[PDB]
Amino acid sequence: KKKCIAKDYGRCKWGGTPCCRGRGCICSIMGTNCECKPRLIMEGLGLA
């Protein structure tokens, strides 16, 4: 699976380059500041 950004926190876009290592291109929920973070999913607002 080539064509991606294996750079942790690698600026990426949902319509441009994805992440290699397996990061998730998370943005600022506004359409700006998109980046590929090292798979992060820590909830709690619903757990507590």
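So basically every Cβ, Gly included, is an ideal-geometry build from the backbone, and we count neighbours across all protein chains shown. Only the coordinates and a few stated rules stand behind these numbers; no lab work does.
Under the condition of being assigned to a loop (DSSP other than H, G, I, E, B) and in contact with an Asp or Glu (Cβ under 8 Å, 6 or more places away or on another chain), the residues counted in the stretch 35-45 number 1.
So which of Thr32, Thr17 is surrounded by 14 or more Cβ atoms within 10 Å (Cβ to Cβ) and either assigned to a loop (DSSP other than H, G, I, E, B) or touching a helix residue (DSSP H, G or I) at 6+ places or on another chain (Cβ under 7 Å) (or both)?
So the residue among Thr32, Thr17 that is surrounded by 14 or more Cβ atoms within 10 Å (Cβ to Cβ) and either assigned to a loop (DSSP other than H, G, I, E, B) or touching a helix residue (DSSP H, G or I) at 6+ places or on another chain (Cβ under 7 Å) (or both) is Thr17.
For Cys12, the test of being surrounded by 14 or more Cβ atoms within 10 Å (Cβ to Cβ) and either more than 8 Å from the chain's Cα centre (by Cα) or assigned to a loop (DSSP other than H, G, I, E, B) (or both) is passed.
Pairing each residue of the stretch 12-34 that is touching a residue at least 24 places away in the same chain (Cβ under 8 Å) with any residue that is surrounded by 13 or more Cβ atoms within 10 Å (Cβ to Cβ) and in a loop (DSSP other than H, G, I, E, B), provided the two are 6+ apart or on different chains, yields C-beta distances under 9 Å for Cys12/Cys4; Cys12/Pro18; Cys12/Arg23; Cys12/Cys34.
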